[PDB]
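All values below come from the heavy atoms of this structure, side chains included, with hydrogens, waters and symmetry mates left out. By convention in this document, chain letters (A, B, ...) are assigned in the order of the sequence lines, proteins followed by strands, and residues within each chain are numbered from 1.
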Amino acid sequence: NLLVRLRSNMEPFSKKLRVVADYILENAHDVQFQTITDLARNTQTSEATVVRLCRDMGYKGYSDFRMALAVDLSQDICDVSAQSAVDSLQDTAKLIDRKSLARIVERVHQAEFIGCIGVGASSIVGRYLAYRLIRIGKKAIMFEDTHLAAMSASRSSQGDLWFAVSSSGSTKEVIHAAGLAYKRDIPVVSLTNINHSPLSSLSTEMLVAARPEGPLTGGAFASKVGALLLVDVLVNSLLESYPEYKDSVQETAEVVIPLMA
Amino acid sequence: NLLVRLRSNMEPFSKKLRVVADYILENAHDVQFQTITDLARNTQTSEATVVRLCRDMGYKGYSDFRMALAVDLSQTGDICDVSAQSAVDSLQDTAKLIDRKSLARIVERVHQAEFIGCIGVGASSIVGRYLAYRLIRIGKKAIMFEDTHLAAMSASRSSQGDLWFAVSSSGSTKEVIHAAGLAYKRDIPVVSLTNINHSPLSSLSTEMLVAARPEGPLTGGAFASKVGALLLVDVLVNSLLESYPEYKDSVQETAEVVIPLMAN
Ligand SMILES: CC(=O)N[C@H]1[C@@H](O)[C@H](O)[C@@H](COP(=O)(O)O)O[C@@H]1O
Ligand SMILES: CC(=O)N[C@H]1[C@@H](O)[C@H](O)[C@@H](COP(=O)(O)O)O[C@@H]1O
């Protein structure tokens, strides 16, 4: 019925607003999975125009409108769950840009200190990255306290590198912390499931997994599995280009032997 | 080297120890991926016998021995596509292995549970966090601990209506077992999520779900091992959503309340 309201309330809109209004009507199902940056790009308008339209429909902004749009459209298990994750792995392996991956490998190799940022289900992905970095002997820290991450990002200096782990690239405190590093000329690598988002303007490099999240599918295993695959490839490529990291894999494995039963 | 020492220094070993020395000398590649509980079973000897072999050989115990073993063995196309392919094979292997009778029972325990405690360290922290996250999406109270002191203290006072998940590929991590063991001993259900059928943890588990690809001393954290542990988490919560469609209201409401935390 929010569609019914859009058509009905479309009467008073200017040309640019009606372009976006028309776009959303004809692409309702796909817009669930688009960021504000996507919708502005796809309509050839601006983010300011999208927001202005969402406000005219009664909403606080784009995220709020998209949430309503998702609820509006929504109105064997082991094998389906597994197949959906196999598909996303495959799709992600096709999408991976090898040249940006190779630059990212060199950035990590050169980094003295790696900070990672991510909340909600992205906290799982950022944790796996920091663990895998620690396995090869890098200093890495994962923050879900976005206040502490903003404060670290704000004093960041040559030698540091940041990963912003966010499927949507639209999470306010994650973007804020990442942007502080970016504005200081610190490399920021984003791990996302969407090509264009607010975070992309604040990233020096991006890896993109398959299956963008919508309002009702955050944390979906199909979206998270591709993001974890980005982490896996990155650290295995580091291991391949710099075999000396294998000494660290070995030593970190040895020192937790005394922690076994 | 450890393998040469096993060979030559085994003259002085007893028959019982010889059986274990012989099994290892013949199966050494696979022994990397076995728990003390497997080596004992596969040789039909006690875990005490296996330990005695290990210490006779100058190691602290089975895990120390198994680590030297993997290092001793160690001296004998595109990276994206191979890393993705392993994870594919692991997912499909885990899917075929899933015991659907256990899974249905585990779903019902979760449904009944008023409080869910989750325990895991190192790379298993990632799996336990995903579980607690997916629980919180359906409106369950779930806490993930990697502080194993805190996890021990909570488990030790655990009471009717609680349920624990012990996340460990090996089921052999000392402080994780200890905390799971405390709940188990107070008759509170414990569900283990591992990548091995037999382990110290299995004898302290009400139920178990087993992912493919057992970890070895030099492959802890491998994405092909973790990807199947995460698939178990997904299938668990998706079954719940299928049996108890009312959980979809929490999925929606948990999605709604984080909208004001987006940039737009
Ligand atoms: C759509 C949705 O449910 N969002 C919530 C979580 O599920 C999600 O994991 C997290 C991080 O979002 P990201 O920054 O896009 O990964 O954001 C929100 O708390
Ligand atoms: C073999 C190995 O390196 N083990 C280390 C980690 O990589 C592993 O994730 C953790 C928990 O292991 P689990 O309890 O078997 O999951 O134990 C060890 O710190």
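Contact of the A/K172 side chain with the B/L261 side chain is not registered, since no non-hydrogen atoms from C-beta on lie closer than 4.5 Å. A/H147 is listed as a side-chain neighbour of A/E173, based on a closest heavy-atom distance under 4.5 Å. Counting heavy atoms from C-beta outward, A/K224 and A/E213 have side chains that approach closer than 4.5 Å. Under the 4.5 Å side-chain criterion, counting only non-hydrogen atoms from C-beta, A/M206 is in contact with A/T192. The shortest side-chain heavy-atom distance between A/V51 and A/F65 does not fall under the 4.5 Å cut-off. Between B/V167 and B/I119, every side-chain heavy-atom pair lies at or beyond the 4.5 Å cut-off. In this structure, A/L25 and A/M10 have side chains that are in contact, with non-hydrogen atoms separated by less than 4.5 Å. Looking at A/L89 and B/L91, their side chains come closer than 4.5 Å, going by heavy atoms from C-beta outward.
Counting only residues at least two apart or on different chains, the ring pair (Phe, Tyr, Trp, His ring centres under 6.0 Å) pairs with a member in residues 95-127 of chain A are A/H109-A/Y242. Applying the side chain to side chain donor-acceptor pair (under 3.5 Å) definition to pairs two or more places apart or across chains, those involving residues 57-74 of chain A are A/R5-A/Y59, A/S63-B/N264.
The environment of CZ in A/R41 is sparse: at most 12 heavy-atom neighbours from other residues, nucleotides or ligands sit within 6.0 Å. The number of heavy-atom neighbours closer than 6.0 Å to CZ of A/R103, taken from other residues, nucleotides and ligands shown, is above 12. Few gaps surround CD on A/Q110; more than 12 heavy atoms of other groups in view lie less than 6.0 Å from it. Remark: A/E112 CD is loosely packed, at most 12 non-hydrogen atoms of other residues, nucleotides or ligands lying under 6.0 Å away. When the shell of 6.0 Å around CD of A/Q44 is examined, it contains 12 or fewer heavy atoms from other residues, nucleotides or ligands.
Side-chain atoms of A/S248 do not come within 3.5 Å of backbone N or O of A/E244 as any donor-acceptor pair. Using modelled atom types, no side-chain atom of B/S225 and backbone atom of B/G221 make a donor-acceptor pair closer than 3.5 Å. Within the 3.5 Å criterion, the main-chain N or O of B/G77 finds no donor-acceptor partner in the side chain of B/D81. The backbone N or O of A/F221 lies less than 3.5 Å from a partner atom in the side chain of B/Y130, making a donor-acceptor pair.
Screening B/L209, B/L240, B/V235, B/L232 for a side chain to side chain contact (heavy atoms under 4.5 Å, CB included) with B/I106, the sole residue that qualifies is B/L209.
Listed by chain and number, the residues in a side chain to side chain contact (heavy atoms under 4.5 Å, CB included) with B/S170 are B/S168, B/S172, B/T173 (sequence neighbours excluded).
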What do the steps show when you test A/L129 against A/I114 for side chain to side chain contact (heavy atoms under 4.5 Å, CB included), and what is the final call? CA-CA 10 Å; A/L129 173 65; A/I114 302 174; 5.8 Å; no
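For the pair B/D162 and B/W164, the tightest heavy-atom approach, listed with the atom from each and the gap, is CB-NE1, 4.2 Å. When every heavy atom of B/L241 is checked against every heavy atom of B/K248, the shortest pair comes out as CD2-N, 3.6 Å. For the residue pair A/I194 and A/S167, the shortest heavy atom distance occurs at CG2-O, 3.4 Å. Shown here for B/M144 and B/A132, the closest heavy-atom pair between the two residues is CB-CB, 4.0 Å. Closest heavy-atom contact between A/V225 and A/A85: CG1-O, 3.7 Å. The shortest non-hydrogen separation linking B/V107 to B/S239 is CG2-CB, 3.6 Å.
The pair A/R211-A/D91 does not count as a salt bridge, with every side-chain nitrogen at least 4.0 angstrom from each carboxylate oxygen. Residues B/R100 and A/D76 are paired through a salt bridge, judged by an N-O separation under 4.0 Å between the basic side chain and the carboxylate. The pair A/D56-A/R18 does not meet the salt-bridge criterion, since no charged nitrogen lies less than 4.0 angstrom from a carboxylate oxygen. Between A/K99 and A/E205 there is no salt bridge, since no side-chain nitrogen of the basic residue lies less than 4.0 Å from a carboxylate oxygen of the acidic one.
Between the side chains of A/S46 and A/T49, at least one donor N or O sits under 3.5 Å from an acceptor N or O.
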